[PDB]
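To start, the structure itself, in structure tokens.
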Amino acid sequence: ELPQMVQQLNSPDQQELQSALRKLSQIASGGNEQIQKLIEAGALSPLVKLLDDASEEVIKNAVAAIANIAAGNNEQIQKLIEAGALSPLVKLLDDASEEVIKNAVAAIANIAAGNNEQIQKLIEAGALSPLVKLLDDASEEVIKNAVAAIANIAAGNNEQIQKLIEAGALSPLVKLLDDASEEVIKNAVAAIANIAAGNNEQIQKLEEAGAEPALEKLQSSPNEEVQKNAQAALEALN
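This is the structure:
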């Protein structure tokens, strides 16, 4: 059932390979107990190997599956990192297909939701500069996943918030506080609230970027998430 599908990942047939990757992604999307079955079946290393495959269609399916595996628990994210997912995922952020960037950034966003040591490996893999460049991408689905990843990295320690500021994240995030999608503002205000939870120097850099006037408008939002995040970030500035 499952080992046969994992064995199918080593196939010259491009239809059989795409089909096996589609089924595995569907299992992986069903929750942590399903992701555990794929790990125990040895699905991770061949899946990671398929991120550098000669077939653009095979890459798409492999990234879709890994994005779903990345949605697992800290232990599952750890196995994905140990399988070598980070380096190929970072390389995929600079790819022609918008479909691969979307899931490459989603997988990275789900890994960024893990512990601070896992955020450190994402930074060590060079994920920050390409993530900041995707904040101007002009594809709304890419920008929301890029903002969500950054928001997750900002939930890390003060040193990790520092690597975000040094990457040039502050100015694109304050720009995304308005004249953008509803889901983008929601993610931008969460990232800003996370940077405001940093040290006093980082709170200062946020003012310099022009965050305070952009947050004052969001303070009275009817959206519970936006409202509380704009309120928490403003309390931190003053």
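The entry's author numbering numbers the first residue of the sequence shown as 12 and each following residue consecutively.
Note that beta-carbon positions come from the ideal geometry of N, C-alpha and C, so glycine has one too.
Does the Cβ-Cβ distance between residue i and residue j come in under 8 Å?
{"i": "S36", "j": "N72", "result": "yes"}
{"i": "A241", "j": "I206", "result": "no"}
{"i": "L32", "j": "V59", "result": "no"}
{"i": "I46", "j": "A39", "result": "yes"}
{"i": "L139", "j": "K102", "result": "no"}
{"i": "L62", "j": "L104", "result": "no"}
{"i": "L248", "j": "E223", "result": "yes"}
{"i": "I92", "j": "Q131", "result": "no"}
{"i": "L97", "j": "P57", "result": "no"}
{"i": "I77", "j": "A118", "result": "yes"}
Measuring straight from C-alpha to C-alpha, what distance separates residue i and residue j?
{"i": "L245", "j": "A123", "result": "25 Å"}
{"i": "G209", "j": "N198", "result": "17 Å"}
{"i": "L187", "j": "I196", "result": "6 Å"}
{"i": "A149", "j": "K155", "result": "11 Å"}
{"i": "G95", "j": "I214", "result": "35 Å"}
{"i": "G125", "j": "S182", "result": "25 Å"}
{"i": "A202", "j": "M16", "result": "39 Å"}
{"i": "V158", "j": "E235", "result": "19 Å"}
{"i": "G41", "j": "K228", "result": "39 Å"}
{"i": "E27", "j": "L49", "result": "18 Å"}
Which of the three DSSP states, helix, strand or coil, is assigned to residue i?
{"i": "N79", "result": "helix"}
{"i": "residue 9", "result": "A query on residue 9 cannot be resolved here, the shown segment of the chain reaching from 12 to 249 and no further."}
{"i": "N234", "result": "coil"}
{"i": "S40", "result": "coil"}
{"i": "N240", "result": "helix"}
{"i": "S140", "result": "helix"}
{"i": "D189", "result": "coil"}
{"i": "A178", "result": "helix"}
Take the Cβ of residue i as the centre, count every other Cβ of all protein chains shown within 10 Å, and call the residue buried at 16 or more, exposed below.
{"i": "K113", "result": "buried"}
{"i": "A225", "result": "buried"}
{"i": "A107", "result": "exposed"}
{"i": "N121", "result": "buried"}
{"i": "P233", "result": "exposed"}
{"i": "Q87", "result": "buried"}
{"i": "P141", "result": "buried"}
Below 8 Å on the Cβ atoms is my guess for residue i versus residue j; work out the distance and round it to an integer in Å.
{"i": "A204", "j": "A243", "result": "5 Å"}
{"i": "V143", "j": "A191", "result": "Rounded, the Cβ-Cβ distance is 16 Å, inconsistent with contact."}
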